[PDB]
Structure formats: structure tokens, C-alpha cells
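Trainee: Only the shape, not the letters, is given here:
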């Protein structure tokens, strides 16, 4: 086992992600990141999870033990930590959370001083520290010990900063929010009220036990019920830690991350704000999003699946907008990580500046009929080389022109191979899948 | 091993690691939690910088057993003990190393009854502290402990200790030295609220400055303050307010022996000093004992340490005990040494008798005594040694009659304690520094 997965260390709080481990991540983490600074400084925030406090105590203790200064942020979104760590001139910032996962889980994610994820080489150096039998690092003593303090102003500094990315205010709109009972439970209702909108809220009553429970971006249907009943203009579903956004138009339909990105780029190009007129998405987003995006002279920059990819691509390209189907969207001009509340602001601003309803804005692309089945392989590298699968693809590839896409490929996350088809008809694309899936199943299942 | 005789002490982050502290939090928590439902532990600290790191680890540890935790912030140790009896928690923890310099911190526990844990409880935490892997329960999800703040706890403590006095303190001018420690905000409110004139020093903890040039083991700057601002009394507390040492109006130090007497005599005068005995360690000076005898007060003497005094008081139902150091116990009110409490009681006599401190202290006479503490690296080796052991021999059979000696390891600090009392300060000091230079030279 390595410890840092695709986005920090996750695991069940007190059973895999133990206080013991959390401390060590703090100490090795602090030491790695603190190393080459006189006056080292780390900020730390979290979502509303029960285990939040147990892990924050360990992480603070571990940080302090290296000599670093800690600033406690309280409950804040993960983008908030990102923003603040760059803006405060901290060396690193830590966010305790497992995002949309259920309460038992937690996680620890670091941003370094430029507001980005740690370099591989730094993460690596941490992991090797977690590997040694004995801790033989510095033990600063007496008056060389780390100092801690509260920086609860942070959240609102953050708030003021995103708030002012808006044109005029939101008056005349009714906006419903679902804050997943997580990090945005108090921030997002504040922010939208400050912006003069009428609000109805749900999932804004965290108690420690209830984060993401039948609420939030991955269960937006209850919000969609609220939107219809409260007769609202838009619903906004953030996840546990406020990096994803999923919307609901005024008719009750879910408007996903593709639709959101599409609305943003359309309006950004029209306003001359979309750098080099391109949008970055993983290869995993819908074909209709691609064709829509081109119908408006907007060039598409597609990456491997992961958001590290979308992000690295934005950085190198000098791009400006990118993200995934899931509502993780990056407005790199402002925040250095995806931000649900930030992207929700930009969304509501477009409804406002164009005086058009969400169903309309969203309906200016048309998503293709999709179908995705993950099948449980038994080592991908062989199936990736498996002649019968490789040709079952070739056969459906030959069938469509088109006028269709097939996408089959695993990861390292869950071990499984992900067959996915898109065609103008549901029937066809169900049919290519059921096919490609029979072959995989019989050959590797 | 880990458990000294008064918590677990060490220099923060070198011997008292946050790792160790986490364990003490979890294992202790567990041992103290097992036999209750909805379990609850409170936790307070002095002003040492390392207090926060250690709190972080302790709270982690406690939360991980499922216990609920209430954070007190900076508060004196007797306060931790008062509240853990009062708020009906199963334990109170205090993070402090008393009068020690900054590097040092310590962790002391209090039980449901506000007393220090049974040797049986202490032994079992110890016995878990040794175990190979921990197979203690790890509650997950919604069984995890919640934390919250109880930062009014201090005021509740102050309310209590307040009413233990006969009348207000008006027309008295009181100087305080709070050792830049746990009493910093507590003490000044407390006395001010009893309508007294207040001057302060050592009330600006920056986290680095506890006991440093201030507080009860360094009362002189205070002594000057009292004289400078024409005070009626000076009161120096220690880092965590378990000690008091005072200054009379003329600027003379009034130590623990002198306080115990001033209180002892008055308690006796007012028929409220149990069995007319005072418990002390065998460290108090002749003049102390001799002024307790004149006055028909029975002196009861233990071996050295707070543990031994409390036990004695506990067993014989006595209600006033303490040490020369100013660690004084008024059992009727509070379940541990309490500096500020002693203060109130003392200031109380002054006010009730209409007497100034010099004449209260002056009732008893200090005989010549010196205790010098050598800063050493192995108590063990130290005492059983060739260049030290013998000197002691030669001196002893010289005072006869007619003087005395007590040389011994500490139990909680890295020092040896050398003490003599004799018929003159001159011989007394000579007896000691003779040994000292030697310890100083032999054992680092």
C-alpha cells in the first residue's frame, strides 16, 4: 500500500485513517513542506464531518511538532483552503474531508504555496517518511515549537473574493440551495443572500453525522423536488466540501457539469473572457457537449480521466475554464482548484446578464444518449492486450461512422474496465455496450 | 516508568512527545471510560506554547475511544479539578508543568471525585502503555466523540472559590504576579471582584514567558512592586496556580510554612481546623513546627510530595495541609493544592484580624534553612555516588543535637534537592554549597 491516492489520503476515519496516521501525515507533511523556509506556516480547514475534530487535533499536533505555525480555518470549502493558502502566503494548506463520500470516511489533502496540489516528488518524499521504521526528524523544543492560532476571518475573506467576480447582484431571482450539510452549509446561503437573491435552503443543518446523506450533488433529486415546489429559478447542489456543483433548472431537470461548462464557455466567448477560446474536459464528457462546443467556435481540449489531468492541461495551455461531467469545474482565473460556489456564481450571473431561464441556457447544447458499464476485470494490462476484446471494439467501431463514439478503458482506482458508448439512439448504444460487455465478462470476469 | 508522582513530565516534544500524549489520551480515556455510558472528559491547560500541540494529541486520543471532550482553554489546575467534580465528567486532564521553565510540560489526571487517579487506575493506563499493538475499540462513524468548548468554566470556578471568604477585601491594596501562567486572567478578576485595589505583573502570557523571571519561585520582582506601589500584600502564583507565595507590606517573602501557620492559627482560633493538626512534609523548617506547638496545634509530617500530604489529610480527616513551596490544600473547599484559594484565605485573615501581613507572619519565626537544587542528568546514579555520598557522612556527625540534613532525588524534575537547617544561616549555607559545588562538578 501507498498512502496518497488520486486526491490525498482517504479511508474510514479511526479504522484506516486513524488519528495515529493523521498525526504522522501532519508531521512528515509539515516537515517536507516547511523544510526550506525560515518562519514556516500552514493553514488547516475541514468539512462538517464528526471525525473532523479527531483528525484536526492530530494534524495540528503533528504540524506543531516540526516547528510550523498553524492557522485554524474552521469549517470551510476545499477551494477556500486553496485560495487562502496562496493568498495568505502560507507554505501549505490542509483540508480534512472526503468530499461526497458518506460520513465514516475522511481524507487529508494538501495544497502547496501556489495553491496547487503537491508535486509528485513531495508527496513521494512524504510517503517514504511514512515508510521508515523510526521517526528521526527534528524535534524543535521549548521556544522553537510551533505556534497555533485561529484565522476564522479566512472564510469570509474567501467569500468576499469570489463574491466580487460577479457583474451585478442576483435580485429578482429565486435560488434554492442544497449544501449537502457540508462545508458550504453556512457560506453558500450567506453568499447568495448577500447577493440579493430569494433563497430556500436544504441540507444546511450539519450535525456531524449527516453530511452527504440523501442530499448534495450526487443526490440532487430532493433539491429538484424543492425547486419545483418552492417555484424557484435554479437549484444548486454542492457536495460535502464544495468543489463540485450540480444544478437543477426551473422545470426540475438536473443540469450536470457538462451543461454547466457549456453555458460558461458560450457566455465567456461572447464576452471575450474565454482565454484562447478553448475548454478543457476529460475524454469522459458527452459527445453533444463536444459538438455544441464546436457549433460555437470553441475548440475542445480533451484529456485523460482524472482532474489532475484537466488541471495540468489548463496550466500548460494558459486556459481558463475546464472540468468534468460531475460538477468539478475550474475557473482558473480566480481559484486554483474546482469550486462549486464559484462556478454556481458564474452560472447565476449568466442567467442574470442574459435574462434567460436555466432550461433554456442548458438546452442550447443537446447531450447524446449514453451508456456506461464498468465490468470487473482481473488485471487490466492483460485485457488491454486481449485480442478478442480488442476486435469486438473494432467491429462496433466499423458499424458506426460517425455519428458515434465507443470508449473502453480501466483505471488504477477501482481495478475495473469501463465500457461506454454514445450514439444518436439509445437502442444502438445500449446494444454496442451489451455486446462489448458480454465479451469482456466471458474473457476476464 | 511514564507516571512520575504528579502526572507525566518531560520537555515537550523531546520526552513528552505528542505521540506519547495521544496514547495517554486514548489509553487513559479508555481506562477511565469503560465503566460509563455517554462518557465525558474535560481538559485545560496553562499558557505554555507546547500546550496546544499536546492538547491536539490528547483530544485526538480521547475522541478516538468515543468519549465526549470539553475544552476549557487556559485555566488553573485546581480549576480542572473543581470542574471535573462539578460538571459530572468521568475525568479532567490538565496540561501543565507547574513552576517549571517553558520547555517542560506535563499531563495530570483527575477522577470523578476530583482526586488523582488510583494507583490501580494509573497502573492500568501504564499497563496499556506497554502493550504491543493496541486492540482497544475504535468506534467509527456516529460513535465517535464530539468535542466542544466550555470556556466559561473559569468563571464557574471563580464563583465557587469566591464565596469561601468571610467578607469583601475593601481598603486593601493587592499586588499579583500571575507567572504569565494559568491564573493571568483568573486572579485579577477574582480579587478585583472582591473590591480590592489591584496592581499586576506576569499577566501577559505570550506562550514563551511562563515562570520566566516571575511567579512564585521568583517572587523578588514582585517584592519590589509591592514596595514600589506601597501594597498591603503581594501574591505570586506559579505557572499553573497550584502554588502561592506572598510578600508582606515591608517586602519580605512569606513562604508556604508561613502561610500554613497564618491559616492554621486562625482556623484554630475560629474552631474550624480539624483535629487541630496541620499536615506537612518533613521539609518544613523547625521554626514552623515550633510555632505550631506554641499554639497547641499538632504538626503531622509526611515524606516529600503532594501525594503523601493528600493521603494523610484524606486518611485523618484533616483540612489544612501543604509544603514550604506554597502548594497548600484546603480540603474543605477544593480537591487539590490551590494557589488562588490560599490567597483568598490569607487575605481573609488580614481583613478579619485588621492586621498587616508582617505581624501575621511575624508570629512564627523562620530558623536558618537553605535548599539548593542541583541541575543533574541521572538521579539514580547521582545519589549512590562516590564524590557525593561521603561528604554527607562528615557533615551529619557535626550538627548533632543541633541541626539536620536531607539530600534526595526529586521525583518529577531533573534536579537533586540539597537541604540543611542549622543554628545560623552562615553554617547552613556553608553546609549546603559544600555539597552543591560537588554535585555540580560530579553529575553535569
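Mentor: The structure has been received and is ready for your questions. Numbers count the residues shown, from 1 in each chain, chains lettered A, B, ... in the order given.
Trainee: What is the neighbour count of whichever residue of the stretch 301-445 of chain A sits closest to chain B?
Mentor: For the stretch 301-445 of chain A, the residue closest to chain B is residue A:414, as judged by Cβ to the nearest Cβ, at 21.9 Å. Placement of C-beta: from N, CA and C, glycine included. Residue A:414: 10 surrounding residues under other Cβ atoms under 10 Å in any protein chain shown.
Trainee: Okay, and residue A:175 sits in which element?
Mentor: Following DSSP states H and E, one finds residue A:175 within strand A:174-178.
Trainee: what's the helix or strand that that strand is followed by in contact with?
Mentor: Remark: after strand A:174-178, the chain's next helix or strand is helix A:187-194, criterion DSSP H and E. Residues outside helix A:187-194 that contact it (Cβ atoms under 8 Å, 6 or more residues apart in numbering or on different chains): A:76-77, A:80, A:155, A:159, A:162-163, A:170, A:175, A:177, A:179, A:199, A:201, A:204, A:236, A:238, A:242, A:341, A:344-345, A:348.
Trainee: quick one on the thing from earlier: for the strand holding residue A:175, which strands pair with it and how are they oriented?
Mentor: The pairing partners recorded for strand A:174-178 under DSSP bridges are strand A:198-202 (parallel), strand A:234-238 (parallel).
Trainee: can you state the direction angle for the first one and helix A:187-194?
Mentor: In this case it means strand A:198-202. Orientation check (axes from the mean of the first three to the mean of the last three Cα atoms, to 10 degrees): strand A:198-202 against helix A:187-194 gives 170 degrees.
Trainee: Next secondary structure element downstream of strand A:198-202?
Mentor: helix A:221-230.
Trainee: Over to the last one?
Mentor: Reading on from strand A:234-238 to the C-terminus, the next helix or strand found by DSSP H and E is strand A:245-249.
Trainee: Between strand A:234-238 and that following strand, find me the angle.
Mentor: Comparing the axes of strand A:245-249 and strand A:234-238 via the same axes, to 10 degrees yields an angle of 160 degrees.
Trainee: Given strand A:245-249, what are its sheet partners and their directions?
Mentor: According to DSSP bridges, strand A:245-249 has the following sheet partners: strand A:234-238 (antiparallel), strand A:254-255 (antiparallel).
Trainee: circling back to that earlier point, contact partners for the residue of the stretch 301-445 of chain A closest to chain B?
Mentor: Counted by Cβ under 8 Å, 6+ apart, residue A:414 has contacts residue A:374.
Trainee: now residue A:139
Mentor: The contact partners of residue A:139, taken as Cβ under 8 Å, 6+ apart, are A:65, B:13, B:14.
Trainee: what about the closest residue to chain B within the stretch 201-350 of chain A, neighbour count?
Mentor: Using Cβ to the nearest Cβ, the single residue of the stretch 201-350 of chain A nearest to chain B is residue A:209, 4.8 Å away. Counted with other Cβ under 10 Å, the neighbours of residue A:209 add up to 15.
Trainee: From what I see, it and residue A:104 are in contact.
Mentor: No. Here residue A:209 lies out of contact with residue A:104, judged by Cβ atoms under 8 Å, at a distance of 10.0 Å.
Trainee: picking that back up, let's have the strands paired with strand A:245-249 in TSV, adding mean neighbour count.
Mentor: Converted to TSV, the strands paired with strand A:245-249 look like this (neighbours: other Cβ atoms under 10 Å in any protein chain shown):
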stretch	mean neighbour count
strand A:234-238	29
strand A:254-255	21
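Trainee: which SS class is residue A:308?
Mentor: In three-state terms, and counting by DSSP: H, G, I helix; E, B strand; the rest coil, residue A:308 is helix.
Trainee: That one and residue A:116 touch, don't they?
Mentor: No. In this structure, residue A:308 is not within contact of residue A:116 by Cβ under 8 Å, at 10.1 Å.
Trainee: In terms of neighbours, single out the busier of the two.
Mentor: A direct count of neighbours by other Cβ under 10 Å for residue A:308 and residue A:116 places residue A:116 higher, at 17 against 13.
Trainee: got a list of what residue A:46 touches?
Mentor: Taking Cβ under 8 Å, 6+ apart, we find residue A:46 in contact with A:52, A:55, A:56, A:73, A:74, A:75, A:76, A:95, A:96, A:97, A:183.
Trainee: Most neighbours out of the residues you listed, which is it?
Mentor: Neighbour max across those (other Cβ under 10 Å) = residue A:183, 37 neighbours.
Trainee: Against chain B, how distant is that residue?
Mentor: Distance from residue A:183 to chain B, counting by Cβ to the nearest Cβ, to the nearest Å: 18 Å.
Trainee: show me the residues around that residue that make contact.
Mentor: Taking Cβ under 8 Å, 6+ apart, one finds A:45-48, A:75-78, A:80, A:97, A:240-242 in contact with residue A:183.
Trainee: Now with 7 Å, please.
Mentor: Listed by Cβ atoms under 7 Å, 6 or more residues apart in numbering or on different chains, the contact partners of residue A:183 are A:47, A:48, A:75, A:76, A:77, A:240, A:241, A:242.
Trainee: ok, now residue A:322?
Mentor: A:279, A:280, A:281, A:310, A:314, A:330.
Trainee: go with 6 Å
Mentor: By Cβ atoms under 6 Å, 6 or more residues apart in numbering or on different chains, the contact set of residue A:322 is A:280, A:310, A:314, A:330.
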